[PDB]
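To begin, one chain is listed below as structure tokens, in the form deposited without this ligand.
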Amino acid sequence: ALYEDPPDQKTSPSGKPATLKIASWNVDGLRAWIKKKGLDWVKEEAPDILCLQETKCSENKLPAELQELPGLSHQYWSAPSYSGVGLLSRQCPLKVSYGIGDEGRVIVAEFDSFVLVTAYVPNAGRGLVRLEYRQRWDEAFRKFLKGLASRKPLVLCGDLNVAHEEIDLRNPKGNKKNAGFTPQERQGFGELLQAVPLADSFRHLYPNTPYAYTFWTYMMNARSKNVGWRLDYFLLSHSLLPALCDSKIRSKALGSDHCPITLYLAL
């Protein structure tokens, strides 16, 4: 039932040391997450890049503590005009854009060797009320990512709001008709991997590892039972797999109903 992420491999298959550390966190209430000492974990993880999803915080209400990360001094925010995302970078991105070209869910940062996308994929909702909107969003998102990656290697991170396979969640049989494990959402994630193309960094390295989740409902004490879902991903262009050192699930960092995830790249 319960899961322990393996230690960080900071060396590429070919032996190159990790030069790039990306953390992504659905903080599910940036302000609450700040109060729950979220920045303490950021300061400790010291990523080169931090992606936040479901911030639920207008730009003009962003806490002042965020200005106290000179190590992530380039901060970009996208507000929803129940979402919101942030991208914080140590180095100055070459260019930063918002949305999928077409609700505050996607930021795109261009760097030297790759393009970073963070995404807060829309939840299909209780009773699947927004499943269809999710299905359209998935296709539009797939389309959008295809063009990006047809110009530069791609890292896609964030809350993709789908458990790809049964191994990616605790109770597949009871969730095959809930948001995040519908055949439609699962198909969309499979299409996303196939069509872009992209590799599930974590699953590429831990193909056989069960019980590794990134989200647990606040309710029923799901997190302490590790009754959860892997909803947060680092997806990678195949051309970046040689640089892949590790893809972590930070199961024990608190402050949200998601835990953070961490990517290591030898770039």
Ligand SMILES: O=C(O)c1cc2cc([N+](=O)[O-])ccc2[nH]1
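Throughout, we count residues from 1 along the sequence that is shown.
From this point on, the text means the form deposited with this ligand bound, which you will not see here.
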The one option of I249, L20, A253, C245 with any heavy atom within 4.5 Å of this ligand in the deposited complex is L20
Residue among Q184, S113, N178, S97 with a heavy atom within 4.5 Å of this ligand in the deposited complex | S113
Which of 86 to 94, 141 to 149, 186 to 194, 162 to 170 lies within 4.5 Å of this ligand in the deposited complex, heavy atoms considered? The stretch 86 to 94
Contact of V42 with this ligand in the deposited complex (heavy atom, 4.5 Å) | no
Distance check, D48 to this ligand in the deposited complex, heavy atom within 4.5 Å = yes
